[PDB]
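Peer 1: First, the structure itself, so that you have it in front of you.
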Amino acid sequence: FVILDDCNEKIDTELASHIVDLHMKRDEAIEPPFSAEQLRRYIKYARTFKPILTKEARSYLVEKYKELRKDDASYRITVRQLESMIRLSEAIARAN
Amino acid sequence: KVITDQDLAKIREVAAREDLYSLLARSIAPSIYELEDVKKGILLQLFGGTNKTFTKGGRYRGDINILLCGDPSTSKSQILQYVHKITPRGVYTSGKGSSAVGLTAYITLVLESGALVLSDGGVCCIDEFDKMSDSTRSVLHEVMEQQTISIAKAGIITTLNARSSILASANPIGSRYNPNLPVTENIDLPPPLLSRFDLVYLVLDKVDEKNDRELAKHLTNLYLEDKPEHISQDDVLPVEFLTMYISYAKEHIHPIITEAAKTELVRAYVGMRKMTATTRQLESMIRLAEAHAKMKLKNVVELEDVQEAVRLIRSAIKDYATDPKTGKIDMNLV
Ligand SMILES: Nc1ncnc2c1ncn2[C@@H]1O[C@H](COP(=O)(O)OP(=O)(O)NP(=O)(O)O)[C@@H](O)[C@H]1O
Ligand SMILES: [Mg+2]
């Protein structure tokens, strides 16, 4: 992941407000979707799943990998990117 | 170690004076001639911001870091002496005198403390900052940003607290300020480290007969007596009472942001940003405004405090005299 400043008034005006709110109110600003002790229980539950790759997904993966190889034809895209993509898909299915 | 209602009466009465800000600033280092903005910035470092801790989302530093940069003979190191003696806790050190281990912590199986750890809650004065190597200076990134020291070596792995304020002194590349280079190239610190200072000062050895006669009369007056009674100004506070004021204000006063101050801070940040100002310029402005509020024994940050914080930042780095496009300074405007 590469992070860059990308200066823009419409973003700066909001980001400054967010930062000043954090210094103005301690706890109140964030309002997260879930409690931390709720989220950890969910993550513990999710890690019990061991999902299996569907037939259509196997057909689809090689097409997407061919697209990456043609984009590649910047770090050069190897077989390892397919293995990594499988790992990410396993994690996504587990999240759900 | 080396309260009464009368003390509180004196403190409250002094805090009501109109010339308070100038009185306090010119009284931290009485025998040093002019350099008022430098003295003001150092005073606000002494007071500090407010410390903040959340239930989640972390903790935010109250401490201010300052860098003094400019020509030789300008009396930078003399100012570091005063700060080193005023502060209750702190250390003075030199660039060629310091190793990475000595500055933080030492394996000896037992762990041992370095300068930034001994200086916790105080001010750490570093002189000849431009002489120490990139290897040694890289240690300061983590301690300045987080105020913690993480260690992971054979048989010991831990994290330590370092609520330490840095006051630094350096001379530019080429050893005298060169007006044919932009300011960032004269200062020559890398951007990840230069971004971590709240205030950066340029001080310049500009020739002027008006200035020179006053300076010469001031320094020669010290030799008219064996042990001088002479002092630069008629009204200054004794060191003991000044210490009492600063200490009490640090303990009892805790300012908060007002909505008006929030609006001005957002406006001012967008003004400096739209044109380079980073996100740290916002947080340092908040911290300076809080330090200004404590110094008046107020419980709230107001519009006046925000505007003083902005003004001092613009004044320190000679921005008004800076060419906005080329980054060089017109020496005629100084
Ligand atoms: N405004 C001033 N007020 C008082 N003394 C001054 C002033 N300007 C210069 N001096 C004197 O000039 C000398 C400055 O020495 P010093 O404090 O080392 O300056 P410096 O900024 O650290 N220069 P350098 O170490 O070469 O980078 C001391 O003797 C001071 O007393
Ligand atoms: Mg010196």
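We name chains A, B, ... following the order of the structure tokens; residues begin at 1 in each chain, and ligands are numbered from 1 as shown.
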Identify, on the basis of only C-alpha atoms, every residue whose closest approach to residue 47 of chain A does not exceed 7 Å; exclude the query and any residue fewer than 3 positions from it along the same chain; express the result as a list in words.
Peer 2: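 Contacts, in chain order: residues 43, 44 and 94 of chain A.
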Peer 1: Grab the residues selected above and save them as a CSV table (one decimal), in the first residue's frame with N, CA, C and O atoms.
Peer 2:
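So out.csv came out as:
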chain,number,residue,atom,x,y,z
A,43,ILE,N,-14.5,-12.3,15.3
A,43,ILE,CA,-13.3,-12.8,14.6
A,43,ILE,C,-12.9,-14.2,15.0
A,43,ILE,O,-12.5,-15.0,14.3
A,44,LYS,N,-13.1,-14.4,16.3
A,44,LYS,CA,-12.8,-15.8,16.9
A,44,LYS,C,-13.8,-16.8,16.2
A,44,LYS,O,-13.4,-17.9,15.8
A,94,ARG,N,-14.4,-16.4,4.6
A,94,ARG,CA,-14.4,-16.6,6.0
A,94,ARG,C,-15.0,-15.3,6.8
A,94,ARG,O,-15.7,-15.5,7.7
Peer 1: Select from segment 13-74 of chain A every residue with an atom at most 12 Å from any atom of segment 278-297 of chain B, then for each give the shortest pair of atoms and their distance in Å to one decimal, using only C-alpha atoms, rows by chain and rising number, as a tab-separated table.
Peer 2:
residue	atom	partner	partner_atom	distance
A:13	CA	B:279	CA	11.5
A:15	CA	B:279	CA	8.9
A:16	CA	B:282	CA	7.4
A:17	CA	B:282	CA	10.3
A:18	CA	B:282	CA	11.4
A:19	CA	B:283	CA	8.1
A:20	CA	B:286	CA	8.2
A:21	CA	B:286	CA	11.5
A:22	CA	B:283	CA	10.6
A:23	CA	B:286	CA	8.3
A:24	CA	B:286	CA	10.1
Peer 1: Within segment 114-152 of chain B, find each residue whose DSSP state, derived from the backbone, is strand (DSSP E), and express the selection as a list in words.
Peer 2: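 Answer for segment 114-152 of chain B restricted to strand (DSSP E) is residues 123, 124, 125, 126, 127, 148, 149, 150, 151 and 152 of chain B.
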Peer 1: Could you list, as a ChimeraX atom specification, every residue within 7 Å of segment 130-143 of chain B, counting only C-alpha atoms and ignoring same-chain residues fewer than 3 positions away?
Peer 2: /B:95-96,99-100,146-149,162,170-171,193
Peer 1: Could you please select, counting only C-alpha atoms, the residues of chain B within 7 Å of chain A and state them as a VMD selection string?
Peer 2: chain B and resid 54 to 55 256 to 257 262 266 270 274
Peer 1: Could you write out that same residue set with N, CA and C atoms as a JSON list (two decimals), in the first residue's frame?
Peer 2:
[["chain", "number", "residue", "atom", "x", "y", "z"],
["B", 54, "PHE", "N", -7.58, 8.72, 25.49],
["B", 54, "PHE", "CA", -8.94, 8.28, 25.16],
["B", 54, "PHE", "C", -9.18, 6.87, 25.72],
["B", 55, "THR", "N", -10.45, 6.42, 25.71],
["B", 55, "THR", "CA", -10.70, 5.00, 25.97],
["B", 55, "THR", "C", -10.15, 4.14, 24.84],
["B", 256, "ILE", "N", -9.58, 23.81, 27.46],
["B", 256, "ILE", "CA", -10.37, 23.04, 26.49],
["B", 256, "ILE", "C", -10.64, 23.89, 25.24],
["B", 257, "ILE", "N", -10.88, 23.21, 24.11],
["B", 257, "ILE", "CA", -11.21, 23.89, 22.85],
["B", 257, "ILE", "C", -12.63, 24.44, 22.92],
["B", 262, "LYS", "N", -12.29, 26.24, 17.32],
["B", 262, "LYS", "CA", -12.35, 25.19, 16.30],
["B", 262, "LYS", "C", -12.53, 25.79, 14.90],
["B", 266, "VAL", "N", -9.69, 25.51, 11.80],
["B", 266, "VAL", "CA", -9.99, 24.93, 10.49],
["B", 266, "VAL", "C", -9.71, 25.95, 9.38],
["B", 270, "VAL", "N", -6.72, 25.61, 6.46],
["B", 270, "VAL", "CA", -7.05, 25.64, 5.03],
["B", 270, "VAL", "C", -6.32, 26.79, 4.34],
["B", 274, "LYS", "N", -3.96, 25.74, 1.26],
["B", 274, "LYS", "CA", -4.34, 26.05, -0.13],
["B", 274, "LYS", "C", -3.33, 27.02, -0.73]]
Peer 1: Around ligand 1, out to 10 Å and counting only C-alpha atoms and all ligand atoms, which residues are there? I want them as a PyMOL selection string.
Peer 2: chain B and resi 29-35+68-81+127-128+169-172+175-176+203-205+211+214-216+218-219+232
Peer 1: What is the atom CA of residue 84 of chain B-atom CA of residue 41 of chain B distance in Å, reported with one decimal?
Peer 2: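 For atom CA of residue 84 of chain B relative to atom CA of residue 41 of chain B, the distance reads 15.4 Å.
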Peer 1: Run DSSP on the backbone of this structure and report the residues of chain A it assigns to helix (DSSP H, G or I), as a CSV table (one decimal) with N, CA and C atoms, in the first residue's frame.
Peer 2:
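Saved to selection06.csv:
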chain,number,residue,atom,x,y,z
A,9,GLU,N,-8.7,20.8,-1.3
A,9,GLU,CA,-9.5,21.6,-0.3
A,9,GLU,C,-10.7,20.8,0.2
A,10,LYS,N,-11.4,20.1,-0.6
A,10,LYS,CA,-12.6,19.4,-0.2
A,10,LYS,C,-12.3,18.3,0.8
A,11,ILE,N,-11.1,17.7,0.7
A,11,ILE,CA,-10.7,16.7,1.7
A,11,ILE,C,-10.1,17.3,2.9
A,12,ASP,N,-9.3,18.4,2.7
A,12,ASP,CA,-8.6,19.1,3.8
A,12,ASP,C,-9.6,19.7,4.8
A,13,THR,N,-10.7,20.3,4.2
A,13,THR,CA,-11.7,20.9,5.1
A,13,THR,C,-12.4,19.9,6.0
A,14,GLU,N,-12.5,18.7,5.5
A,14,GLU,CA,-13.1,17.6,6.3
A,14,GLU,C,-12.2,17.0,7.3
A,15,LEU,N,-10.9,16.7,6.8
A,15,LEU,CA,-9.9,16.1,7.6
A,15,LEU,C,-9.5,16.9,8.8
A,16,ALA,N,-9.4,18.2,8.6
A,16,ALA,CA,-9.1,19.2,9.7
A,16,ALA,C,-10.2,19.2,10.7
A,17,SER,N,-11.5,19.1,10.3
A,17,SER,CA,-12.6,19.1,11.2
A,17,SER,C,-12.6,17.8,12.0
A,18,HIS,N,-12.3,16.7,11.4
A,18,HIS,CA,-12.2,15.4,12.1
A,18,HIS,C,-11.1,15.5,13.2
A,19,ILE,N,-9.9,16.0,12.8
A,19,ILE,CA,-8.8,16.1,13.8
A,19,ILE,C,-9.1,17.0,15.0
A,20,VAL,N,-9.7,18.2,14.7
A,20,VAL,CA,-10.1,19.1,15.7
A,20,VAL,C,-11.2,18.5,16.6
A,21,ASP,N,-12.1,17.7,16.1
A,21,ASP,CA,-13.1,17.0,16.9
A,21,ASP,C,-12.4,16.1,17.9
A,22,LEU,N,-11.4,15.3,17.4
A,22,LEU,CA,-10.7,14.4,18.3
A,22,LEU,C,-10.1,15.1,19.5
A,23,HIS,N,-9.5,16.3,19.2
A,23,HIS,CA,-8.9,17.1,20.4
A,23,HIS,C,-10.0,17.8,21.2
A,24,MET,N,-11.2,18.0,20.6
A,24,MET,CA,-12.2,18.8,21.3
A,24,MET,C,-13.1,17.8,22.2
A,36,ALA,N,-15.4,-3.3,20.6
A,36,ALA,CA,-14.2,-4.1,20.4
A,36,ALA,C,-14.3,-5.5,20.9
A,37,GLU,N,-14.9,-5.7,22.1
A,37,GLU,CA,-15.2,-7.0,22.7
A,37,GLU,C,-16.3,-7.8,21.9
A,38,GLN,N,-17.1,-7.1,21.1
A,38,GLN,CA,-18.0,-7.7,20.2
A,38,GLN,C,-17.2,-8.2,18.9
A,39,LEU,N,-16.4,-7.3,18.4
A,39,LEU,CA,-15.6,-7.6,17.2
A,39,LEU,C,-14.7,-8.8,17.4
A,40,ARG,N,-14.0,-8.9,18.5
A,40,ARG,CA,-13.1,-10.0,18.8
A,40,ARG,C,-13.8,-11.3,18.8
A,41,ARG,N,-15.0,-11.3,19.5
A,41,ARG,CA,-15.8,-12.6,19.5
A,41,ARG,C,-16.2,-13.0,18.0
A,42,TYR,N,-16.6,-12.0,17.2
A,42,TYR,CA,-16.9,-12.3,15.8
A,42,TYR,C,-15.7,-12.9,15.1
A,43,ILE,N,-14.5,-12.3,15.3
A,43,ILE,CA,-13.3,-12.8,14.6
A,43,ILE,C,-12.9,-14.2,15.0
A,44,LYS,N,-13.1,-14.4,16.3
A,44,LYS,CA,-12.8,-15.8,16.9
A,44,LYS,C,-13.8,-16.8,16.2
A,45,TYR,N,-15.1,-16.4,16.1
A,45,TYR,CA,-16.1,-17.3,15.5
A,45,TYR,C,-15.7,-17.5,14.0
A,46,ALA,N,-15.3,-16.5,13.3
A,46,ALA,CA,-15.1,-16.6,11.8
A,46,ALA,C,-14.0,-17.5,11.5
A,55,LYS,N,-16.6,-24.6,-8.2
A,55,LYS,CA,-16.2,-25.0,-9.6
A,55,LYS,C,-16.1,-23.7,-10.5
A,56,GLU,N,-17.1,-22.9,-10.5
A,56,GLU,CA,-17.2,-21.7,-11.3
A,56,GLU,C,-16.0,-20.7,-10.9
A,57,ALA,N,-15.7,-20.7,-9.6
A,57,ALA,CA,-14.6,-19.9,-9.2
A,57,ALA,C,-13.2,-20.4,-9.7
A,58,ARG,N,-13.1,-21.7,-9.9
A,58,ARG,CA,-11.8,-22.2,-10.5
A,58,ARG,C,-11.7,-21.8,-11.9
A,59,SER,N,-12.9,-21.8,-12.7
A,59,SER,CA,-12.8,-21.3,-14.0
A,59,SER,C,-12.5,-19.8,-14.1
A,60,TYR,N,-13.1,-19.1,-13.2
A,60,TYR,CA,-13.0,-17.6,-13.2
A,60,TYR,C,-11.5,-17.2,-12.8
A,61,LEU,N,-10.9,-17.9,-11.9
A,61,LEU,CA,-9.6,-17.5,-11.4
A,61,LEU,C,-8.5,-17.4,-12.6
A,62,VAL,N,-8.5,-18.4,-13.5
A,62,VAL,CA,-7.5,-18.4,-14.5
A,62,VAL,C,-7.7,-17.3,-15.5
A,63,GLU,N,-9.0,-16.9,-15.7
A,63,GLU,CA,-9.2,-15.7,-16.6
A,63,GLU,C,-8.7,-14.4,-15.9
A,64,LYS,N,-8.9,-14.3,-14.6
A,64,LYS,CA,-8.4,-13.1,-13.9
A,64,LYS,C,-6.9,-13.1,-13.9
A,65,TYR,N,-6.3,-14.3,-13.7
A,65,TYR,CA,-4.8,-14.4,-13.7
A,65,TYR,C,-4.3,-14.0,-15.1
A,66,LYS,N,-4.9,-14.5,-16.2
A,66,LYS,CA,-4.5,-14.1,-17.5
A,66,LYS,C,-4.5,-12.6,-17.7
A,67,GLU,N,-5.6,-12.0,-17.2
A,67,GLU,CA,-5.7,-10.5,-17.3
A,67,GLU,C,-4.5,-9.9,-16.6
A,68,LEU,N,-4.1,-10.4,-15.4
A,68,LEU,CA,-2.9,-9.8,-14.7
A,68,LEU,C,-1.7,-10.0,-15.5
A,69,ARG,N,-1.5,-11.2,-16.1
A,69,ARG,CA,-0.3,-11.5,-16.9
A,69,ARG,C,-0.2,-10.6,-18.2
A,70,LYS,N,-1.4,-10.3,-18.8
A,70,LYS,CA,-1.4,-9.4,-19.9
A,70,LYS,C,-1.2,-7.9,-19.5
A,71,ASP,N,-1.6,-7.5,-18.3
A,71,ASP,CA,-1.3,-6.2,-17.8
A,71,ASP,C,0.2,-6.1,-17.6
A,72,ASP,N,0.8,-7.2,-17.1
A,72,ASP,CA,2.2,-7.3,-16.8
A,72,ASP,C,3.1,-7.3,-18.1
A,80,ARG,N,3.1,-16.6,-7.9
A,80,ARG,CA,2.9,-16.3,-6.4
A,80,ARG,C,1.6,-15.4,-6.3
A,81,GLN,N,1.4,-14.6,-7.3
A,81,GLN,CA,0.2,-13.7,-7.2
A,81,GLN,C,-1.1,-14.5,-7.2
A,82,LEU,N,-1.1,-15.6,-8.0
A,82,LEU,CA,-2.3,-16.4,-8.0
A,82,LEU,C,-2.6,-17.1,-6.6
A,83,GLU,N,-1.5,-17.6,-6.1
A,83,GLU,CA,-1.6,-18.2,-4.7
A,83,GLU,C,-2.0,-17.2,-3.7
A,84,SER,N,-1.5,-16.0,-3.7
A,84,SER,CA,-1.9,-14.9,-2.8
A,84,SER,C,-3.4,-14.6,-3.0
A,85,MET,N,-3.8,-14.5,-4.3
A,85,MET,CA,-5.2,-14.2,-4.6
A,85,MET,C,-6.1,-15.3,-4.0
A,86,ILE,N,-5.7,-16.5,-4.1
A,86,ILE,CA,-6.5,-17.6,-3.5
A,86,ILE,C,-6.6,-17.4,-2.0
A,87,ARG,N,-5.5,-17.0,-1.3
A,87,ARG,CA,-5.5,-16.8,0.1
A,87,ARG,C,-6.5,-15.6,0.5
A,88,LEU,N,-6.4,-14.5,-0.3
A,88,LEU,CA,-7.4,-13.4,0.0
A,88,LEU,C,-8.8,-13.9,-0.2
A,89,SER,N,-9.1,-14.7,-1.2
A,89,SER,CA,-10.5,-15.1,-1.4
A,89,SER,C,-10.9,-16.0,-0.2
A,90,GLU,N,-10.0,-16.9,0.3
A,90,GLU,CA,-10.4,-17.7,1.5
A,90,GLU,C,-10.7,-16.8,2.7
A,91,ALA,N,-9.9,-15.8,2.9
A,91,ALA,CA,-10.2,-14.8,4.0
A,91,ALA,C,-11.5,-14.1,3.8
A,92,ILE,N,-11.8,-13.7,2.6
A,92,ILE,CA,-13.1,-12.9,2.3
A,92,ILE,C,-14.3,-13.8,2.6
A,93,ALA,N,-14.2,-15.1,2.1
A,93,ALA,CA,-15.4,-16.0,2.4
A,93,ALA,C,-15.5,-16.2,3.9
A,94,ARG,N,-14.4,-16.4,4.6
A,94,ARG,CA,-14.4,-16.6,6.0
A,94,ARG,C,-15.0,-15.3,6.8
A,95,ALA,N,-14.7,-14.1,6.3
A,95,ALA,CA,-15.3,-12.9,6.9
A,95,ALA,C,-16.8,-12.9,6.8
Peer 1: Would you pick out the contacts of residue 334 of chain B at 9 Å or less, using only C-alpha atoms, so that residues sharing its chain but fewer than 5 positions from it are not included, and give the list as a ChimeraX atom specification?
Peer 2: /B:204,206,318,321,329
Peer 1: Those residues you just picked out, can you put them in a file as a PDB file, in the first residue's frame with N, CA, C and O atoms?
Peer 2:
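Listed below is the output, part_18.pdb:
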ATOM      1  N   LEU B 204      19.690  35.356  12.056  1.00  0.00           N
ATOM      2  CA  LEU B 204      20.629  35.828  11.041  1.00  0.00           C
ATOM      3  C   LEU B 204      21.483  36.973  11.567  1.00  0.00           C
ATOM      4  O   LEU B 204      20.985  37.871  12.255  1.00  0.00           O
ATOM      5  N   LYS B 206      22.728  39.838  10.587  1.00  0.00           N
ATOM      6  CA  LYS B 206      22.571  40.961   9.658  1.00  0.00           C
ATOM      7  C   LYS B 206      23.233  42.228  10.210  1.00  0.00           C
ATOM      8  O   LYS B 206      22.974  42.622  11.350  1.00  0.00           O
ATOM      9  N   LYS B 318      10.516  33.138   9.089  1.00  0.00           N
ATOM     10  CA  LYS B 318      10.718  34.316   8.219  1.00  0.00           C
ATOM     11  C   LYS B 318       9.831  34.289   6.966  1.00  0.00           C
ATOM     12  O   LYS B 318      10.234  34.739   5.889  1.00  0.00           O
ATOM     13  N   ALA B 321       9.164  37.370   4.535  1.00  0.00           N
ATOM     14  CA  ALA B 321      10.289  37.723   3.674  1.00  0.00           C
ATOM     15  C   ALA B 321      10.604  36.657   2.629  1.00  0.00           C
ATOM     16  O   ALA B 321      11.491  36.878   1.796  1.00  0.00           O
ATOM     17  N   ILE B 329      15.029  33.843   0.469  1.00  0.00           N
ATOM     18  CA  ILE B 329      14.696  34.951   1.364  1.00  0.00           C
ATOM     19  C   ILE B 329      15.386  36.208   0.854  1.00  0.00           C
ATOM     20  O   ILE B 329      16.587  36.191   0.557  1.00  0.00           O
TER      21      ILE B 329
END
Peer 1: Do you know which residues are at most 9 Å from residue 315 of chain B counting only C-alpha atoms, after dropping those on the same chain fewer than 5 positions away, and could you put them as a ChimeraX atom specification?
Peer 2: /B:37,201,310,320
Peer 1: For N, CA and C atoms, I'd like the residues from the last selection saved as a PDB file, in the first residue's frame.
Peer 2:
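Wrote it out as part-v7.pdb, contents follow:
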ATOM      1  N   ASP B  37      11.097  36.887  19.950  1.00  0.00           N
ATOM      2  CA  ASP B  37      10.290  35.766  19.450  1.00  0.00           C
ATOM      3  C   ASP B  37      10.856  34.421  19.903  1.00  0.00           C
ATOM      4  N   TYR B 201      13.228  28.064  13.905  1.00  0.00           N
ATOM      5  CA  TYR B 201      13.667  29.461  13.894  1.00  0.00           C
ATOM      6  C   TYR B 201      14.876  29.653  12.987  1.00  0.00           C
ATOM      7  N   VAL B 310      -0.845  30.994  15.461  1.00  0.00           N
ATOM      8  CA  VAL B 310      -0.598  31.138  14.022  1.00  0.00           C
ATOM      9  C   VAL B 310       0.508  32.165  13.769  1.00  0.00           C
ATOM     10  N   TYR B 320       7.119  35.878   5.810  1.00  0.00           N
ATOM     11  CA  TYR B 320       6.787  37.132   5.122  1.00  0.00           C
ATOM     12  C   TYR B 320       7.896  37.596   4.176  1.00  0.00           C
TER      13      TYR B 320
END
